[PDB]
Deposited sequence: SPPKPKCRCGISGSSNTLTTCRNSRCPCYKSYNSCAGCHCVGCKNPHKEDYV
């Protein structure tokens, strides 16, 4: 299985209220968390709580 694709959202100045919570974030889009990512001001709600 390919390595978990890390994101870099919000690094640059963009709208900080949606960083990693829209379809441009590959993690958010794939229902993953940003564990291990290099995003800044991450607003990803996903926890990978697969239970």
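*Asks:* What residue ranges of the deposited sequence are absent from the coordinates?
*Replies:* Sequence range with no C-alpha atoms is 13 alone.
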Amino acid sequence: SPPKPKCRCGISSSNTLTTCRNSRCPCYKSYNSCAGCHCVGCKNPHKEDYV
From here on, numbers count along this sequence of modelled residues.
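*Asks:* Would you tell me which stretch averages the higher CA B-factor in the PDB entry, 13-21 or 37-45?
*Replies:* The recorded data point to 13-21.
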